[PDB]
Amino acid sequence: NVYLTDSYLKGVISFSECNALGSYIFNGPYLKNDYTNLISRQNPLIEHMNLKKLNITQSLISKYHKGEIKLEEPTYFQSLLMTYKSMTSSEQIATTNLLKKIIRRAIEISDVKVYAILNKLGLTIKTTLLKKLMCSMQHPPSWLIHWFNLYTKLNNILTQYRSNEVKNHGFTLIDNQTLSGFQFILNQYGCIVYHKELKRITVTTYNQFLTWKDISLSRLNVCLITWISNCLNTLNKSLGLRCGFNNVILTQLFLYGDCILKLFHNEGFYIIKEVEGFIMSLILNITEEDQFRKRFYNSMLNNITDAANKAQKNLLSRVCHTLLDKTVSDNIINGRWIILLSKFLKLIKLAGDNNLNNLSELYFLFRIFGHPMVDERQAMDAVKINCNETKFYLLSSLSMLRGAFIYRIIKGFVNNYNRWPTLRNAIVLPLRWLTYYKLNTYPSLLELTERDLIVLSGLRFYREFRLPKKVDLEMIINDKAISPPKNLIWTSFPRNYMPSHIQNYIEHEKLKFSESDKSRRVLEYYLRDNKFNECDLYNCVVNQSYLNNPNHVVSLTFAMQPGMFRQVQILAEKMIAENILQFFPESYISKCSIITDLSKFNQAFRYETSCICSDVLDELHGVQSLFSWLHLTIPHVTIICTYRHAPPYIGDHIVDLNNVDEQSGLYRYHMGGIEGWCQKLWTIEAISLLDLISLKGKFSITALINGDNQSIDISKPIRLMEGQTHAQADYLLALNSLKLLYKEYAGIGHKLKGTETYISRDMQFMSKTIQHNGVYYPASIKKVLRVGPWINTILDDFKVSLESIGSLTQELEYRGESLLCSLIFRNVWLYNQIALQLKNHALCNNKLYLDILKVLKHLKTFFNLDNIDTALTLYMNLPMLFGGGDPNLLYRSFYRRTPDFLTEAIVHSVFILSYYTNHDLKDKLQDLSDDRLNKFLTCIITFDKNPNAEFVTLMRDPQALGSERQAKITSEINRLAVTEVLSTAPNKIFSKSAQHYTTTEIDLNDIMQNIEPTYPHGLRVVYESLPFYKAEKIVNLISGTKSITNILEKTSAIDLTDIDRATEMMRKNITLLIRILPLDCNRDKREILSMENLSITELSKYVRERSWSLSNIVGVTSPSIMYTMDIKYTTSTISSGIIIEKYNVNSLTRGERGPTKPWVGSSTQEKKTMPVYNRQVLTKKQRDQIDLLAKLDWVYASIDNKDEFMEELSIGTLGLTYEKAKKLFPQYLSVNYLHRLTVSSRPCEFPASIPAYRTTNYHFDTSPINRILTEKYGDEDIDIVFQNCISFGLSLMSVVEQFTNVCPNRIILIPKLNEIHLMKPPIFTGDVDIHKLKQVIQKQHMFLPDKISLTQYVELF
Amino acid sequence: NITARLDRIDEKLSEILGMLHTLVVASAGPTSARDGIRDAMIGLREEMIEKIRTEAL
Amino acid sequence: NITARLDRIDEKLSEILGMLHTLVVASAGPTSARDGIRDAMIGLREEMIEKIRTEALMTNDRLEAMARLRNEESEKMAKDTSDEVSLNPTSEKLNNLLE
Amino acid sequence: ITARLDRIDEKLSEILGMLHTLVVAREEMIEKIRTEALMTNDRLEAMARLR
Amino acid sequence: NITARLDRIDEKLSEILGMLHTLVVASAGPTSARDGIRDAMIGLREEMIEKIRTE
Ligand SMILES: COc1cc(C(=O)NNC(=O)c2cc(C(C)(C)N)cc(-c3ccc(F)cc3)n2)ccc1OC1CC1
């Protein structure tokens, strides 16, 4: 049993943890004089005792008591570390030299892709572009060397701890040499830093060290991106990013923010958090007129300075009674800090340069200063007041809200179901309204009156929707934790922090809870439930067993409650999402915009304001209190901070926490809305309020709610007086509507705040996304701060890390709009993980690296390469599908989606190999004196056939290759272990499923065996129609965790079998290229594949079929647009091809807009006739089980066995019998399912690699290719995605201007007809194995959907 | 006139109904659920009557 | 007689819609001893603007409550929606240093 | 019509008596549940006869 | 007609008088005016089952 610790911050820096450790170590309140400084020193944690008992720390402690060293705060040492400029002839020369190598290598790796792209477009370093870029990036600037050095030192302190803690448990790294001057005692339970020259000590947590490492990495990345980009832009102004930062200013920015966090302790983050505000103003000062920006600027300065004043107040109040009392600067008491602030902000405005690109990208600043040590008990105290406060409403205000909600529901019903909801109360309406009931129509907002909204509030509905009667296990199961039941809440605190009467009370309270109640995690909670049944959730919502339930608590850590109430919370949110959000699609003409933050907005809600609208959804679903569960239950439970180190003080002989007296971090009578819970109910009530305001103020509120930001838009037709301008009118309308918004929100318990609300004339910062004049200003750099060695993996998986580096790094291309800056940055951080950090793997010390070295020897001899260095340049270019190192296929630089990954991988390999073979990608494939591409393709098509489980595999990945011809993935590797741990689960729903899993994939493989043409996507649909699709979604989820074996073992340790499985997986995946590409004459093929008249898509066809032996596979194979289309820049006599034209008049169109409509590449729809019946009678998990079976009626109508097929497949799943079910099936008017089937496995849309706005610059004409593709294939469906041709041309327009600094006037794409083939719908011969089809349904019956019952079919009509 | 004044009486007596209903819905809250009174105030509905039948069989 | 008998019913229909357009409801909340919940409390407007003033119903920001229940605009509410927003004394210092 | 209006007024002056006892502060309460619950039940047994 | 409007009123005016009894009986008490809203709901359920198993 091994423990692998985090390499990045994934969690929170705990104020309570740092306070407890430091307070125990130094025998006095360290950070705050709370109860997590008292119990920490009376009864310390064993992990803290071990840290303090060390010989290194026992001497620092003694120095401190004798007064020789000054105890400080971790932000002080953050400032010290970050400005650590310690140099020698052996540290600033062995870091400059390593950086110079990384940069040269990344440019040399990028060179081959750049060569391929320039060769295709027709435009150790072969490309003169990267040859010029190399003479520029020869000497890293001192600012960049600074953060690279700091990141290397911090990171390889962290690596040295992680590997050594994997090797032996309890390891404490004691390091005083890596960083000169500093001395770390690092450990997963604490980090003690001592600086000798200054005589200072901080105690902090492992997460805070992770955060320091993250800060150094993030500033290294900001500097790297910036200085790659500035060199690019010194070469071509259109080759780098849109921003133009100067990095001496940026480093000064870093140091002044560090100084702010040094003066202000933890509190300083309050000030840093107002940075967003300041940047916002600088954007507004460019985009807005005087009154809007002046008002925002003044409110923003008030916000910043109240943040600073509150920061000083809290700092001096906190630090007064602690050991940090004399660590408060005199620049805080005497108010000189205002100058420091003035210099910080004044630097931001200088980094922005009054340029909207710099300003929008400057949002990375909000993330580059670390994270605060959030105080858990104080954040609860700030919320106790807002949630106990009594609210006073006019009964008329509640009636109008209820009525405006009921109006939305009546309107949505009439719009969807062509009907009014069935009224229990029709006698309540007047004649004017009761006449709207009978005509099934509604008045518009214009004809609506507030009396109408009062009268509507009396209507009561009959049930229109139905509860799902059997739990959806895919919605109740996840990786996160679960609050104990109330009586076991004390199990969330260490046994040492709890008094004896609580320890020996909770040793007896466990003897009366089920293993599921004591579980401590959701997955474990359900897997351990030996009395589980699918109808237990449903019986709770009907019997209302979640009311006055003595097991209820709320535990703040993010809030959580026991499983029985979390179930109801998720069900209530899900019913609103499925059934009710259809009615609320928002989830001079003086115009205006009002932006509000609804983060605290849940706090102000009460039962009187929530459950008047939520009571209308109770009636629609025929339930009592399901949607009102929160405000009816939480007022009776105790809200407690259950973070580990922040226990409550429990008075003697109090065991129940409803009897534990209130204190910091523990209170009662919380009225009003734990956040997240019921977030969807509060959104539609807010939209109803907006509709009521629009009525009261006579303006046309458009709305847009997304998370915690409500972006109202307001219009109000007026005609202005003389001397009043449009801007003045808009400002007046904004100020008036703001008054009304305030009054009406206050009418229901909600007091807005000038800080969190503001007004603009144009929709600013709508999605944390600066769109201005249709142009888009990205925050791309912010997305890429934490790109590094082992990101986003489990057990440091080498391939997933590569995948995440590559995926995150094309935010610099998709949004940043720099292909080459994304490329070079990708290659820096890829070369670093392959060539430098691979030998340091925490679990596989250099195994993976020795495998890479022998894979490179193989590559060297296969392609007869002159070096093992030039063999790594090749390994990191050829695709990851063939066991290579390239995570981003070259096609994704032009369009984001493809139906056929294998053709893209093969085209990528061809293009890359052209670098060494000097083939020309514009010219047809030809014979050349060197055969390296012939050898590559021959080893690809020629190989041993070893098909196994062909059909169950093509089902769960319709693009799988088979015959061990592609790299496996963690789900397949871990599946057979997941099912063997599940076979032992006490909950029989998973036990029996996992016990029958292997047999069910044996016969799920036999079902579609004998259907002579193979359609893997139809196979996908058959798969999803069956209860195994849902059985192994729970398996695919559990196989993504770490330590699958211990899931039921109650440890965070990774089992050694899991380590070995992951290690074998990684080593096989690394070495795949040796097997895929053998040297042995390419399998005794002394005659290599010929390239004259070769079509790569026929080759891909052959490789895929051969890989399974399958005589025919239809569907999947599709050409490559990159390969298929030959790029031209003039119209010759040929007069063929797609034509992409620039409609702008200016040569450079990056960061512009154009007349054209944006190109969303949407798939032509699935043309069908929807039959007439009562949709709402069926639950959504019944309605898409019909659309699946109807899709199978469509695809497989021609099989010899269809009547029996859909008879057994309709009775098994739906419960109807294929003639009662055929009535509900949509009837497809589309002949070709190959072209039109919509299924999980197929792209829904085909966008370009281009921000949407930019597509609006180009006009595409596909007319000349429909003339050629018609007179040859007539009007038959052919096999080349239509959307992706346009996507390719559009992206091609950008990429050419990136490398040329001119946008082409037009580009003509001329296809390779060879690559284009007919795609007509086959006739499916053979039967279905109908006894095997029933075997799947029977052995996986527990995951079957709800049966369309008999009291549910008669009322379908 | 007569048969038009009852229109006003109807339109106002409907507004009274809306008022008094929203007041019942809001007045049956955390302390009614606690005392087992909310269902008597908002009235039994489909999924609970269905259960009472299934018990009747 | 049917224009008089009908008018006396139309006067009890304006004072039932006056007594109902006047009610204020206090959200249910913790008791003053704060050991339990007390029901949502319904009462006439003016009798609700004295129970806040008396602090009989515990409420914070009581002056804003009285002002808003009255069809009246307070100072903080007028401050927060004003056409021009006034810089606090230290934000005038900051603004002077940024200039 | 006179009797109808008299009966309307006699009930509208008894609404007020209750509407004053409300801003100052079961058989009739539990006959409106049973009646409506019975109506939705008999509306549920209309769907049970079609099956 | 004026009897199709003088009969809609009496049924609209009996809704109001039923929604005033709920509010007054809930507010009035408690612990002896609410314990009786629970016993009498036990009665509701256990007499609804008795009218249904005999139809
Ligand atoms: C959404 O998944 C797919 C879509 C398509 C698709 O769209 N096939 N295309 C045509 O059927 C078509 C037909 C015709 C005709 C009727 C002869 N004039 C012309 C053209 C055409 C194209 C480009 C041009 F520039 C001009 C014309 N395309 C193909 C495959 C797909 O995925 C499956 C492989 C897995």
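Only this structure's heavy atoms are used, side chains among them; waters, hydrogens and symmetry mates stay out. Remember, it's 1-based here, ligands and their atoms both numbered in the order they're listed. Numbers restart at 1 for each chain; the letters A, B, ... are given by sequence-line order, proteins then strands.
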**OP:** Decide whether an N or O pair under 3.5 Å exists between A:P899 and ligand 1.
**Re:** no
Subject >> Distance-only side-chain donor-acceptor flag, A:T1149 / A:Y1258, under 3.5 Å >> reply: yes
**OP:** Closest by any non-hydrogen atom to atom 16 (C) of ligand 1: pick that one out of A:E1276, A:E1271, A:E1245, A:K1272.
**Re:** A:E1276
**OP:** Please check if atom CD in A:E1012 has more than 12 non-hydrogen atoms from other residues, nucleotides or ligands closer than 6.0 Å.
**Re:** no
Original post:
Does the A:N877 side chain pair with the main chain of A:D886, one donor and one acceptor, at a distance under 3.5 Å?
Top reply: no
Original post:
Where's the contact between A:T1270 and ligand 1, heavy-atom distance under 4.0 Å: side chain, backbone, both or neither?
Top reply: side chain
**OP:** For A:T1262, counting its heavy atoms only, list the atoms of ligand 1 lying under 4.0 Å from any of them.
**Re:** 25 (F)
Original post:
Counting heavy atoms only, which part of A:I1286 comes closer than 4.0 Å to ligand 1: side chain, backbone, both or neither?
Top reply: neither
Original post:
When you measure from atom 25 (F) of ligand 1 to each heavy atom in A:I1138, A:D1275, A:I1121, A:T1238, which option holds the nearest one?
Top reply: A:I1138
Subject >> Numbered atoms and elements of ligand 1 in range of A:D1279, under 4.0 angstrom, heavy atoms >> reply: 34 (C)
Original post:
For ligand 1, which atoms, with element, lie under 4.0 Å from some heavy atom of A:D1277?
Top reply: 11 (O)
Subject >> Distance (rounded to the nearest 0.5 Å) between A:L1188 CG and A:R1183 CZ >> reply: 13.0 Å
Original post:
When you measure from atom 34 (C) of ligand 1 to every protein heavy atom, which one gives the shortest distance, and what is it?
Top reply: A:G1115 O, 3.1 Å
**OP:** Among all protein heavy atoms, pick out the one at the shortest distance from atom 22 (C) of ligand 1; state its residue, atom name and that distance to 0.1 Å.
**Re:** A:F1282 CD1, 3.6 Å
Subject >> Shortest protein contact, atom 30 (C) of ligand 1 (heavy atom only) >> reply: A:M1319 CE, 3.7 Å
Subject >> Backbone or side-chain N or O of A:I1278 under 3.5 Å from ligand 1 N or O >> reply: yes
**OP:** Report the part of A:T1117 (side chain from C-beta onward, or backbone N, CA, C, O) that has a heavy atom under 4.0 Å from ligand 1; answer both or neither where that applies.
**Re:** backbone
**OP:** Tell me which protein heavy atom sits closest to atom 3 (C) of ligand 1, plus the residue, atom name and distance to 0.1 Å.
**Re:** A:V1281 CG2, 3.9 Å
Original post:
Identify the closest protein heavy atom to atom 21 (C) of ligand 1: which residue and atom is it, and at what distance?
Top reply: A:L1269 CD1, 3.6 Å
Original post:
Out of A:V907, A:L921, A:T1097, which residue meets the side chain to side chain contact (heavy atoms under 4.5 Å, CB included) rule with A:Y1123?
Top reply: A:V907
Subject >> Nearest neighbour of atom 32 (O) of ligand 1 from the list A:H1235, A:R1242, A:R897, A:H1017, on a heavy-atom basis >> reply: A:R1242
Original post:
Between A:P1027 and A:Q1340, what is the shortest heavy-atom contact and its length?
Top reply: CB-O, 2.9 Å
Original post:
Which heavy atom of the protein is the closest neighbour of atom 26 (C) of ligand 1, given with residue, atom name and distance?
Top reply: A:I1265 CG2, 3.4 Å
Original post:
Quick one: nearest non-hydrogen protein atom to atom 9 (N) of ligand 1, plus distance?
Top reply: A:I1280 O, 3.3 Å
Original post:
If we ignore angles and hydrogens, is there a donor and acceptor under 3.5 Å between the side chains of A:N1257 and A:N1144?
Top reply: yes
**OP:** Compute the centroid of each ring, for A:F1260 and then for A:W1159, and state whether the two points are separated by less than 6.0 Å.
**Re:** yes
**OP:** Assess the pair A:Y1023 and A:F951: is the distance between their ring centroids shorter than 6.0 Å?
**Re:** no
Original post:
Are any of the N/O atoms in A:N1266 less than 3.5 Å from those in ligand 1?
Top reply: yes
Subject >> Stepwise side chain to side chain donor-acceptor pair (under 3.5 Å) test for A:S1162 and A:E1245 >> reply: CA-CA 5 Å; A:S1162 310; A:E1245 85 277 318; over 6 Å; no
Subject >> Among A:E813, A:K113, A:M1122, the one residue meeting side chain to side chain contact (heavy atoms under 4.5 Å, CB included) with A:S893 >> reply: A:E813
